[PDB]
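A short worksheet on the structure shown next.
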Amino acid sequence: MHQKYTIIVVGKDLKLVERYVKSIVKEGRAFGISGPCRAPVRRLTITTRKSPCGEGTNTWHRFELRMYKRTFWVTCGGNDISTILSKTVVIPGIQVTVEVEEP
Amino acid sequence: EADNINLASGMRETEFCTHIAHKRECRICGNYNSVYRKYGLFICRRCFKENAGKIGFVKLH
Amino acid sequence: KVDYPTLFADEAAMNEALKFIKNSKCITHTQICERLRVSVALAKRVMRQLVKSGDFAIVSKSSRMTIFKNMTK
Amino acid sequence: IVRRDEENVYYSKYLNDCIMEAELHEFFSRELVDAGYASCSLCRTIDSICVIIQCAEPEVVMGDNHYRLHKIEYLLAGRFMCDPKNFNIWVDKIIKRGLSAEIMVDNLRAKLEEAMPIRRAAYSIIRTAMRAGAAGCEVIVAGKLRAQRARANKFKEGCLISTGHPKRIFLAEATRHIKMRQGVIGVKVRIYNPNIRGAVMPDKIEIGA
Amino acid sequence: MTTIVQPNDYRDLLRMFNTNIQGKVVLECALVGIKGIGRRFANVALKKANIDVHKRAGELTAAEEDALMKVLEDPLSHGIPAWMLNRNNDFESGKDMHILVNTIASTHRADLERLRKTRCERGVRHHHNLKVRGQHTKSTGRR
Amino acid sequence: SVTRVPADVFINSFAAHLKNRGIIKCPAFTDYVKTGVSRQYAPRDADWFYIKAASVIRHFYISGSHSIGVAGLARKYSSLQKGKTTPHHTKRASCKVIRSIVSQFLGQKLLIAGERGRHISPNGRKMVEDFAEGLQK
Amino acid sequence: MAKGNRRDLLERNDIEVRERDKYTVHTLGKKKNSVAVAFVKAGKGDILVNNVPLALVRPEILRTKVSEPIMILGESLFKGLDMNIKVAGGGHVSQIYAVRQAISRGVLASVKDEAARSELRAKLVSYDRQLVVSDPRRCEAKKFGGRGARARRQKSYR
Amino acid sequence: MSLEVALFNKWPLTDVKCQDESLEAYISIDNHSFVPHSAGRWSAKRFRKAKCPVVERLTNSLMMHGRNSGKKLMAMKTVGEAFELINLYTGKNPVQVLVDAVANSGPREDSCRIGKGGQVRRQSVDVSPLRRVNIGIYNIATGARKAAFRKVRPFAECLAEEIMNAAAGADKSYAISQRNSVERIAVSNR
RNA sequence: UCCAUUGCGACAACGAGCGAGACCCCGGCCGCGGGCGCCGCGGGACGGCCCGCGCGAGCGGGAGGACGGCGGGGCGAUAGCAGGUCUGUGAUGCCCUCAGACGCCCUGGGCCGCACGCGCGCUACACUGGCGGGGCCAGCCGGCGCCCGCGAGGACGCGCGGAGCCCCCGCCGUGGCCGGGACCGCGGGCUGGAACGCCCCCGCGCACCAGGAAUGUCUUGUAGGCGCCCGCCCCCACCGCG
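Residue numbers (the authors' numbering), protein chains in the order written: chain U, 21 to 123; chain d, 70 to 79, 87 to 137; chain Z, 14 to 86; chain D, 4 to 212; chain S, 1 to 143; chain T, 22 to 158; chain Q, 1 to 158; chain F, 1 to 190.
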């Protein structure tokens with residue numbers, strides 16, 4: 021029936037997240053729609069001293085972890101409890117790309 | 070600070093360790109100094125550069 | 014060092030300051046302070062009186078500084 | 004229009020699992036030395052966990068009738084507190100072991116621990132790499148190689164990159180520590196495969212007739 | 001304001017509480033020349049006494065001068081609070097007052113005596129002249 | 022409207038009108054208070070309360086459908102703390118006086134509440150605008 | 001507080017929808033982090049900035065700077081038309097310049113006769129070029145040797 | 001013309017022509033707008049500052065000391081005040097006065113070290129127009145600054161006085177004095 | 001010739017490679033798509049055009065253009081130093097300690113003590129200013145109502161949200177003065193098992209008038225001025241990354 025379901029997917033690298041996007045859009049055109057929302061990029065920042073001892077020129081590392089997030093809440097009533105499964109197993113099983121479903 | 074539920078569950089016993097206090101430490105090398113609590117990490121700065129690439133932190137810009 | 018008053022001791026106001034200023038084409042608070050050796054505030058008050066009377070007029074105004082012109086000639 | 008205190012759960016539910024992966028890397032590296040361990044990966048399927056391994060000879064880690072693997076699965080679950088039987092594992096096999104730095108350097112460590120001289124071990128490694136189709140391999144062995152006054156003597160064969168972004172794609176590096184009676188013997192390896200995968204090294208132009 | 005000319009009773013220099021005060025300054029900043037009186041306490045005192053505050057102290061007629069005295073010895077009656085006073089919860093009588101010149105010097109002397117016979121840390125330090133608060137010595141503060 | 026006239030003349034004219042028309046009155050604690058920890062001495066004018074009142078009502082009108090809390094207003098009356106041989110820092114204003122002002126306004130129905138905060142009521146818009154037009158000439 | 005790139009600004013949902021459809025032209029200005037959006041239509045010569053006329057912008061001294069193109073081109077065109085600007089981003093002066101840029105560009109788009117548009121371009125650019133072409137320079141990053149982009153920490157040799 | 005850019009909406013810029021030919025082409029007067037404010041990135045080429053309107057060149061020099069860096073609106077106001085004062089005293093257009101000052105101020109000769117020999121061995125030389133105008137402006141500003149410090153009088157009156165005296169060729173001013181000093185230490189070394 | 005062993009043109013040398021560049025991130029202009037929230041994929045600039053030169057590589061000027069000639073960052077060759085780190089680690093060789101312990105746990109004190117020499121910073125020496133009132137705009141990003149209390153803070157209850165300089169009006173009027181805010185004397189609170197720690201109120205009101213011999217940093221959104229966030233953190237930023 022109708023359960024206002026929403027799809028959220030998260031990843032650290034921008035190449036699979038866009039590939040997963042395309043597969044899902046391809047596989048959800050019928051079970052209603054599935055247009056994406058691209059969120060602001062959460063970037064984690066850590067600055068560290070490059071030295072373990074504190075000697076010489078004060079030189080710094082600059083790491084970061086960009087996390088990309090997309091959100092298809094377009095299923096909505098257009099997907100039933102089992103219908104969500106159909107596509108979610110027909111989409112590729114990329115090794116790393118967290119996914120959670122909620123009404 | 071119980072970094073994980075595993076590491077605890079709530087004569088000398090009268091005063092073995094009665095001075096309860098935060099004991100936050102690196103979850104790799106166990107040191108109590110220079111511990112990044114930001115983002116719920118709990119990794120020392122030294123014990124960090126090594127494993128950062130595995131975790132996913134990278135150096136650009 | 015130098016000291017100047019803040020209040021005019023009676024006849025002093027008119028026996029000079031009023032006379033002196035009226036024979037000036039342009040004027041400002043600070044000039045008159047340095048000219049007859051009185052503080053600036055008294056200058057403010059006096060010039061208020063005078064623009065009320067009509068001898069002087071404003072050409073430029075601002076909190077930091079205003080300057081007058083002698084409309085009596 | 005949106006609250007930032009809620010999505011922090013999605014963001015913090017990714018970070019934890021990235022960390023959980025690294026502990027496994029360390030543990031396997033300290034454990035599956037004899038199985039040609041290389042790397043790991045994870046898939047946080049809600050019902051159960053899946054882990055994919057890269058090993059030269061999995062049958063060693065597979066264990067007769069899958070005993071070692073199963074002994075492992077029940078173990079990890081207690082530590083990460085998951086219901087066992089939802090902590091399954093899979094193993095994948097590396098076919099180009101010469102292109103993998105980890106296999107090479109571990110083999111070198113073995114050979115060194117058997118007292119063989121460095122001059123033979125390094126060049127055997129390097130021959131093995133070139134046979135695999137590689138454009139260069141460099142080996143280094145620093146430490147108290149002689150009586151005292153430790154020095155580093157390095158062996159190489161082909162051409163290698165050393166700078167630029169391309170070094171994060173075509174250059175594969177690894178290191179180890181070897182504990183011996185005299186002291187510690189540092190060893191590190193690096194291999195260069197320019198025609199790896201499908202990516203094309205820049206500043207490389209091919210013309211037509 | 002609008003006082004250009006000295007009033008017939010202008011008093012070129014005022015004496016009060018053994019201190020002397022000039023009549024070219026505005027009133028509330030001249031009283032600051034007394035020891036025990038500042039900006040905040042003065043504006044409050046005068047206002048209660050129905051005195052203009054943007055006035056040159058030389059036009060201060062003695063009628064307004066006396067009522068001011070009457071408010072600096074019994075200020076609490078005149079509506080002023082108790083968090084605005086110099087001396088709150090005296091060590092002996094437990095009351096609250098405001099202490100002006102002469103009183104301050106005597107009062108300050110007796111506390112140190114109290115501190116001395118009692119044998120505290122502060123008293124011993126005061127007598128070799130060191131920092132009383134925890135502000136660090138050693139670094140800086142040298143000739 | 023009100024925004025078609027400079028803010029400077031409106032504020033003071035309306036304050037005089039308010040003080041004449043008994044809408045609000047300065048309580049007793051005004052005789053010895055600052056308007057913020059950031060300040061240093063007390064105000065020099067005797068009619069600063071009504072200036073604050075007018076600025077506030079103007080703020081409430083500008084926002085409109087939106088709702089303003091007391092502290093949010095107090096962040097519009099902040100300043101800078103000086104005299105500490107330490108780098109200066111910004112500090113928030115007071116809230117007791119603001120609270121008294123809004124309560125006095127609300128007791129007259131010029132100001133109405135809601136789920137959170139308060140907002141202007143149609144009568145407030147009526148009077149504010151009519152006064153503004155009157156002073157437009 | 002405002003961010004410039006927000007969708008709530010570029011579309012100007014502030015205006016009500018039945019009135020949002022009478023505005024034919026659209027326009028952009030910018031300078032530093034400041035951005036201005038203009039919705040030009042047909043009227044009898046009225047301009048507004050954040051629901052405030054042009055005569056009562058706040059720095060006071062620059063009112064001429066925003067009125068420039070009118071006294072350049074002439075008031076005929078502007079008298080013909082009516083405008084409603086909205087700006088959001090860093091700084092009073094940045095906002096001023098963005099606003100004037102938007103004015104000029106929008107009035108340029110109102111005319112359909114390209115020849116006149118080019119003639120007006122020549123007439124206007126000669127006096128100044130930043131009235132049409134956005135200024136590119138923007139705030140630059142700092143480094144860890146000191147407390148500035150190019151300045152360094154003072155060094156003591158002995 | 002159609003739009004006479006009367007400066008500050010008071011005094012025109014149509015009858016203001018420099019007399020000295022040497023530095024004429026290094027003083028812009030036809031382009032000034034109504035405000036001495038223009039965010040233009042001058043000082044990018046080697047001779048583009050030769051077009052900057054002279055009044056803007058002057059204002060940019062009044063916010064020099066670190067206490068007063070980045071404050072241009074104050075300077076615009078200051079200049080307006082001075083111009084009112086000038087028109088009041090002299091009776092004529094201040095802009096002419098300003099160009100006349102910038103002309104009469106500015107050295108025509110200077111000394112530099114080129115003769116080596118282990119000593120000053122300075123040689124007298126000539127001076128380019130651009131440097132002349134730059135130095136004239138700098139000296140005007142500096143002389144006004146030195147007077148108004150720890151003095152009751154304001155910055156603007158000092159400015160106006162310096163301008164008027166320099167334009168009159170009088171040596172009471174600071175600018176003329178510096179000019180003369182440099183000329184003599186030079187001619188001594190010629 | 002080139003910022004560059006960057007290239008041209010020759011030569012008992014011929015032919016290759018690393019480094020440099022290329023490469024990756026950010027920004028500026030345009031297009032397509034999508035869109036809770038502005039974010040994904042591409043185009044565009046190349047010493048290309050004109051004029052001068054130069055065999056040549058390449059130099060100077062003018063255009064048109066969002067941008068014009070290495071725009072800001074990351075990576076970082078061979079060889080090496082008796083440079084720093086055994087007090088970052090289930091990294092470690094050889095020594096020393098190992099049941100009145102240098103192991104581990106508890107209570108207190110100390111790392112901060114002060115006649116003295118010097119290193120990075122902060123605050124000021126005033127009118128191009130200080131005080132009081134009002135108006136108003138940011139970005140890394142971001143939480144608020146009501147009621148008490150002068151304030152700092154506090155009791156309840158819900159998910160909602162941005163500043164200094166600057167501008168306008170007034171007071172002060174060259175006085176170590178309303179500049180400056182160290183030191184000290186009563187009092188009210190917060191963190192915590194615990195104040196020696198940090199905030200607020202009244203009074204007192206130190207040196208200081210632009211700094212000798214000597215010396216550091218800097219070319220466009222740069223210096224300088226102005227403030228705002230994170231890190232470590234029970235409380236606390238004159239520090240550090242931005």
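We treat Cβ as the ideally placed atom computed from N, Cα and C, and that holds for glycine.
Residue i versus residue j: straight-line alpha-carbon distance, rounded
i                      : j        : result
Q:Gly4                 : Q:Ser34  : 7 Å
Q:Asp82                : T:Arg60  : 45 Å
S:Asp66                : S:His128 : 44 Å
S:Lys24                : T:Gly57  : 31 Å
D:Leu174               : U:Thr65  : 26 Å
Q:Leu10                : T:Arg96  : 28 Å
D:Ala59                : D:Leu79  : 22 Å
residue 199 of chain U : U:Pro123 : No answer is possible for residue 199 of chain U: the residues shown for chain U start at 21 and end at 123.
T:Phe81                : T:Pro143 : 12 Å
F:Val102               : F:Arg179 : 12 Å
D:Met183               : D:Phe158 : 21 Å
F:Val152               : Q:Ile96  : 36 Å
Z:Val51                : Z:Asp68  : 21 Å
U:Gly55                : d:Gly132 : 28 Å
Z:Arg61                : T:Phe50  : 36 Å
T:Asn41                : T:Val26  : 22 Å
Q:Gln101               : Q:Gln130 : 7 Å
Cβ-Cβ separation, residue j to residue i (assumed contact under 8 Å), whole Å
i       : j        : result
S:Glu28 : S:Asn50  : Not a contact, Cβ separation roughly 14 Å.
U:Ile53 : U:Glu119 : Not a contact, Cβ separation roughly 18 Å.
Close Cβ partners of residue i (< 8 Å) along its chain, the five nearest in sequence each way excluded
i        : result
S:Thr3   : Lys55, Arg56, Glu59
Q:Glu140 : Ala149
Q:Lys142 : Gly148, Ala149
d:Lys99  : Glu70, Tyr108
U:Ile114 : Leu36, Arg39, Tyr40
Beta-carbon contacts of residue i that lie in its chain and below 6 Å, excluding the five residues immediately before and after
i        : result
T:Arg139 : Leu132
F:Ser61  : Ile137, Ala141
T:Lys103 : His109
U:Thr26  : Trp93, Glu122
F:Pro129 : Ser22, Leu23, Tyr26
D:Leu27  : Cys43
Same chain only: Cβ atoms within 7 Å of residue i, ignoring 5 sequence neighbours per side
i       : result
D:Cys85 : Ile52
Examine the Cβ distances between the stretch 86 to 94 of chain D and the stretch 120 to 138 of chain D and report whether three or more of them are shorter than 8 Å. Contact fails: fewer than three Cβ-Cβ distances are below 8 Å.
Take every Cβ of the stretch 6 to 25 of chain S, pair it with every Cβ of the stretch 52 to 62 of chain S, and state whether three or more of those distances are shorter than 8 Å. yes
The stretch 91 to 98 of chain U contacting the stretch 43 to 51 of chain D, beta-carbon criterion three pairs below 8 Å: no
How about the stretch 69 to 78 of chain Q and the stretch 79 to 97 of chain F: do they share at least three Cβ pairs that are nearer than 8 Å? no
Decide if the stretch 61 to 74 of chain T is in contact with the stretch 98 to 110 of chain S; the criterion is three or more beta carbon pairs, one per stretch, under 8 Å apart. no
Inspect the CB distances between the stretch 54 to 72 of chain D and the stretch 12 to 21 of chain D and report whether three or more fall short of 8 Å. no
Is the number of C-beta pairs between the stretch 103 to 118 of chain D and the stretch 184 to 194 of chain D that are closer than 8 Å three or more? yes
Is it true that the stretch 71 to 86 of chain F meets the stretch 38 to 51 of chain F, where meeting means three or more beta-carbon pairs spaced less than 8 Å apart? no
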